[PDB]
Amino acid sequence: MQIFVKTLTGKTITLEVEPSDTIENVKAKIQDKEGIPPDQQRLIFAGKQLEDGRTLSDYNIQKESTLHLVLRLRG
């Protein structure tokens, strides 16, 4: 299945994943395409606390969902 995430570079990337993939695996895939190491990714989707050890299917994250990397910066 495809998954999307909005980057910190004003773009959108796509990932190929399976429902059994953990959030940890997704973060590693994000490290592959972006540069962000996993421990710097602040990843959010639909108010869910995406714990590294649980899975996409655990969080009911379905086909073509969009996750978001955040820095929460203001000015």
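One rule holds for the numbers: they count along the sequence shown, beginning at 1. Think of the rigid core as the biggest set of C-alphas that the two forms share within 1.5 Å after superposition.
Of the two stretches examined, 63 to 71 and 11 to 19, the one with higher mean CA deviation in 4 other deposited structures of this protein after a rigid core fit is 63 to 71. Once the structures in 4 other deposited structures of this protein are superposed via the core, the pair 41 to 49 and 22 to 30 is resolved in favour of 41 to 49 as the more displaced stretch (C-alpha RMS). The entry lists a Cα temperature factor for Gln31 that places it in the highest third of the chain's modelled residues. Among the modelled residues of its chain, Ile13 has a C-alpha B-factor that falls in the middle third according to the deposited record. When the CA B factors of the chain's modelled residues are split into thirds, the value for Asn60 lands in the middle one.
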